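Chains as they are written, first to last, in the deposited numbering: chain A, 4 to 330; chain B, 4 to 330. Everything on this sheet refers to the single structure shown next.
Protein chains: 2
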Amino acid sequence: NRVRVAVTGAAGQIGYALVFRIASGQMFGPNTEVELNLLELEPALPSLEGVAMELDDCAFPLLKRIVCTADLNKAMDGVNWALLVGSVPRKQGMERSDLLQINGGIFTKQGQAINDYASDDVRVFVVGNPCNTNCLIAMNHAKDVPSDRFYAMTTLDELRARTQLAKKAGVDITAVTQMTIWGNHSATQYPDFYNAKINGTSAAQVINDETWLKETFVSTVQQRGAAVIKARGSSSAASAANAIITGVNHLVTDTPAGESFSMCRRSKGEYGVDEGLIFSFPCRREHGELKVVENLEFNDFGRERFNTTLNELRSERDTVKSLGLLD
Amino acid sequence: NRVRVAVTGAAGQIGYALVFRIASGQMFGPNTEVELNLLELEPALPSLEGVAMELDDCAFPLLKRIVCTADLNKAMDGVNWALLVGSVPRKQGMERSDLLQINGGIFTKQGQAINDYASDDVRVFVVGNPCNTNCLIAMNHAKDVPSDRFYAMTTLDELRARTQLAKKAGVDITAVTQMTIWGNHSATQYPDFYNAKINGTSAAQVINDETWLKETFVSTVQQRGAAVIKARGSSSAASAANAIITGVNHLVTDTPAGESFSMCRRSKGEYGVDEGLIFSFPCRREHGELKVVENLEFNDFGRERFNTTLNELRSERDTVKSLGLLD
Numbered sequence: 004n005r006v007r008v009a010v011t012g013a014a015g016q017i018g019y020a021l022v023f024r025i026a027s028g029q030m031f032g033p034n035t036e037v038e039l040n041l042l043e044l045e046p047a048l049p050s051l052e053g054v055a056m057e058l059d060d061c062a063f064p065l066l067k068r069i070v071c072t073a074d075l076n077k078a079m080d081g082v083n084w085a086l087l088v089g090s091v092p093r094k095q096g097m098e099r100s101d102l103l104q105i106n107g108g109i110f111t112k113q114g115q116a117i118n119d120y121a122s123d124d125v126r127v128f129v130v131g132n133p134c135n136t137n138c139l140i141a142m143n144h145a146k147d148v149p150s151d152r153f154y155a156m157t158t159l160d161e162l163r164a165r166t167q168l169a170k171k172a173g174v175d176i177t178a179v180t181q182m183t184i185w186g187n188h189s190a191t192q193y194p195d196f197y198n199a200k201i202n203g204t205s206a207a208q209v210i211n212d213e214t215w216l217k218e219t220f221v222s223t224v225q226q227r228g229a230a231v232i233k234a235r236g237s238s239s240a241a242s243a244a245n246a247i248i249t250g251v252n253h254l255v256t257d258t259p260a261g262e263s264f265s266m267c268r269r270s271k272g273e274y275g276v277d278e279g280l281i282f283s284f285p286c287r288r289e290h291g292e293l294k295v296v297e298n299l300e301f302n303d304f305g306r307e308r309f310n311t312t313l314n315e316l317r318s319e320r321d322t323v324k325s326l327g328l329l330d
Numbered sequence: 004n005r006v007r008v009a010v011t012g013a014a015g016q017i018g019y020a021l022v023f024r025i026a027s028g029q030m031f032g033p034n035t036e037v038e039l040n041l042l043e044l045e046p047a048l049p050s051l052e053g054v055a056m057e058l059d060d061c062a063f064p065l066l067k068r069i070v071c072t073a074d075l076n077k078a079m080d081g082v083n084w085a086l087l088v089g090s091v092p093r094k095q096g097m098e099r100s101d102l103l104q105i106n107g108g109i110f111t112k113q114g115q116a117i118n119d120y121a122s123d124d125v126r127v128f129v130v131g132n133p134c135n136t137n138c139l140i141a142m143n144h145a146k147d148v149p150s151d152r153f154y155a156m157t158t159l160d161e162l163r164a165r166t167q168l169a170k171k172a173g174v175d176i177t178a179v180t181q182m183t184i185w186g187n188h189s190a191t192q193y194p195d196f197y198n199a200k201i202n203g204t205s206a207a208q209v210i211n212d213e214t215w216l217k218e219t220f221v222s223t224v225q226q227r228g229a230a231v232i233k234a235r236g237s238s239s240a241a242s243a244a245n246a247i248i249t250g251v252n253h254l255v256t257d258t259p260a261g262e263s264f265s266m267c268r269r270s271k272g273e274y275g276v277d278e279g280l281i282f283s284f285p286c287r288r289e290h291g292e293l294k295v296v297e298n299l300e301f302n303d304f305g306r307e308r309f310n311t312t313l314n315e316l317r318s319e320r321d322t323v324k325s326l327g328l329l330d
């Protein structure tokens, strides 16, 4: 039980908040050794070496090897998990298609390096934005990697929604279960307050404030990242890193009875989601297999929010297809 | 099964890397609920509210309360641990005297606030530099708190030394035991490679390069903080946060057989160290009580290093006494 993990953008704020908790055992468990393969762009390699010195200076018993490189093939060589954290943010003068085009190029290459160099059992966990469509592009460039190995992260959205529900109901965080973020990791995400539970009962019914749930709770969750930037003065790196730890942990440990978690994955057609889209679904891990929770119901309000986010993901797919990013 | 912890400087880089790992249960254990009292200077309060938003967005089951304040007395009210991280760093033009003076005034007030507001069982763990003497000053301004409640951190020095020994000997980190950093958290510290062990044998007998041990090894540990800054560009925040996790954990859990850990504490006279000085000693926690490891031996080389760092701590004490910081 040793896991080799690539982390891209490894000298950035998320990576800096992430790698120490990984090495401490929190992602894969207290008896699983870890090898960290850390990738950066060439100009950031000196900073990365400083990060590696700090990892060494923690004397982590589980940390068995550190690789620091700007060579993508070296970073992916024999990895069992690829955490695709790094991406290109929107910059001055970019159009939306420009952002998809730039990140598409990057994730085409990362998918192909994963295909040609990662371990046969590799799983891929995409964080950098736009993460659903970046994941779609990487998946489509890894022909030899099964498509059910590709994930994108809505865990941060989910944990933010869980706290907002627990705060509003004045209950302990552990009284919230089955929090589902449907669709895209974006402002069109649907945080489903009907199927989420508070003390085993529909959160909508416990909170009993339709106005607050539809007009404050949903927008608060959708806009929470922007609110942290405004308050703290930089990105929400530590809570993002926590969400990576939590989401990968969800994929490698069986889900306690009564719970479920949000995860973007390749749709097999569940809930009418176009086959092959990367889409956030409710999931459970049972007997070591990932399953989509079936038979959750919607009202008209929910079908509306569901179709809005599905249509955004369709539009992004059609756009990157048009740019020649899907072969 | 609930601990209330004050963290000063809580929006700084060390605090930002530290509070999430505390909230996840790594400092006090998986079954110990935590209340975080976070202190900052007034201009940094808005940024601290952003840190609290991120803590909330982690949905930590153990995190039961967050307080954000610039009121020192509010921060210390009823706390069981006071993690004194915040301090003024050395900047352009500052001498050692100025660093001792500026931070001395801060820790006078922090000690007095712990004395008058913290819980009866409070323990104090000083990180901000100069940490030994800042701890001495706080302890001297907390007349009602027993002197054996005051600690300062050489844990980062110690873990850095462990990794250098393991790297040189080509052994896993867990093969190194009983790493003692004697004296001051400063460049006069004595990392004792004679009493440290590799697979149970004196490191000085396993690593046969006597010149490497006396020149390269000792200097590398003493100058490691500067080297990380040169490499990363910023301070070693995440590894310092890890050392705080590890050091406090050493003080709340019994030490495994065959190990020991470095801890600055109030001298009772052990090893000829003047009563009342805060000095880094080899320690074990046995059946819930902290004990100094006694009867460790020195050669002539080690005696000189020991005397150098003792005299530096005497010099620092005399300086802040001269400044009027001990009343």
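For every residue, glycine included, the Cβ atom is placed at its ideal position computed from N, Cα and C.
For residue i and residue j, I'd like the C-alpha separation in whole angstroms.
i: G291(A); j: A260(A); result: 14 Å
i: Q29(A); j: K294(B); result: 31 Å
i: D147(A); j: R126(A); result: 12 Å
i: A244(B); j: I17(B); result: 6 Å
i: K200(A); j: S222(A); result: 19 Å
i: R163(B); j: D59(A); result: 7 Å
i: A85(B); j: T249(B); result: 15 Å
i: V179(B); j: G203(B); result: 8 Å
i: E307(B); j: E161(B); result: 20 Å
i: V130(A); j: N106(A); result: 12 Å
i: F110(B); j: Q226(B); result: 26 Å
i: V255(A); j: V276(B); result: 51 Å
i: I247(A); j: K170(B); result: 30 Å
i: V296(B); j: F309(B); result: 16 Å
i: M182(A); j: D101(B); result: 53 Å
i: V231(B); j: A207(A); result: 51 Å
i: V91(A); j: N132(A); result: 8 Å
i: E38(B); j: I176(A); result: 14 Å
i: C61(B); j: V174(A); result: 16 Å
Can you give me the start and stop residues for the beta strand (DSSP E) that residue i sits inside?
i: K294(A); result: 292-295
i: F282(A); result: 281-289
i: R268(A); result: 264-269
i: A155(A); result: 153-155
Cα-Cα, which of the options is closest to residue i?
i: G272(B); options: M56(B), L313(B), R308(B), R165(B); result: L313(B)
i: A26(A); options: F282(B), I247(B), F309(B), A241(B); result: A241(B)
i: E57(A); options: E262(B), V10(B), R288(B), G236(B); result: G236(B)
i: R287(B); options: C267(B), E300(B), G279(B); result: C267(B)
i: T166(A); options: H144(A), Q192(A), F196(A); result: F196(A)
i: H253(A); options: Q104(A), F128(A), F301(A); result: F128(A)
i: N118(B); options: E43(B), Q225(B), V82(B); result: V82(B)
i: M156(A); options: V174(A), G305(A), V91(A), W185(A); result: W185(A)
i: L42(A); options: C61(A), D101(A), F23(A), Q113(A); result: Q113(A)
i: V8(A); options: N135(A), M79(A), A234(A); result: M79(A)
Starting from residue i and walking both ways along the alpha helix (DSSP H), at which residues does that stretch end?
i: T136(A); result: 134-143
i: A241(B); result: 240-255
i: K146(B); result: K146(B) -> no alpha helix (DSSP H), and no H or E assigned at all.
i: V91(A); result: No alpha helix (DSSP H) holds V91(A); DSSP gives it neither H nor E.
i: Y19(B); result: 16-26
i: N118(A); result: 99-120
i: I232(B); result: 227-235
i: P49(B); result: 48-59
In this structure, what does DSSP give as the bridge partners for residue i?
i: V6(A); result: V37(A)
i: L42(A); result: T72(A)
i: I176(B); result: Paired residues: none, contrary to the question.
i: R126(B); result: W84(B)
i: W185(A); result: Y193(A)
i: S205(B); result: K200(B)
i: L66(A); result: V37(A)
What residues in the region 162-188 of chain B bring their beta carbon closer than 7 Å to a beta carbon of chain A? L162, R163, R165, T166, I176, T177
Could you list the residues in the region 54-65 of chain B with a C-beta less than 8 Å from some C-beta on chain A, going in chain order? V54, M56, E57, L58, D59, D60, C61, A62, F63, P64
What are the residues of the region 146-159 of chain A that lie near chain B, defined by any Cβ-Cβ distance shorter than 9 Å? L159
For the region 8-25 of chain B, list every residue whose C-beta sits within 9 Å of some C-beta in chain A, in sequence order. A14, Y19, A20, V22, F23, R24
At a CB distance below 7 Å, what residues from the region 38-54 of chain B approach chain A? Give them in sequence order. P49, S50, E52, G53, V54
Contact residues within the region 231-261 of chain A, judged by C-beta distance below 7 Å to chain B: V231, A234, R235, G236, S239, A241, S242, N245
Residues, ordered as in the chain, of the region 205-227 of chain B that lie near chain A by beta-carbon distance below 8 Å: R227
Output needed in chain order: residues of the region 283-295 of chain B with a Cβ under 8 Å from some Cβ in chain A. none
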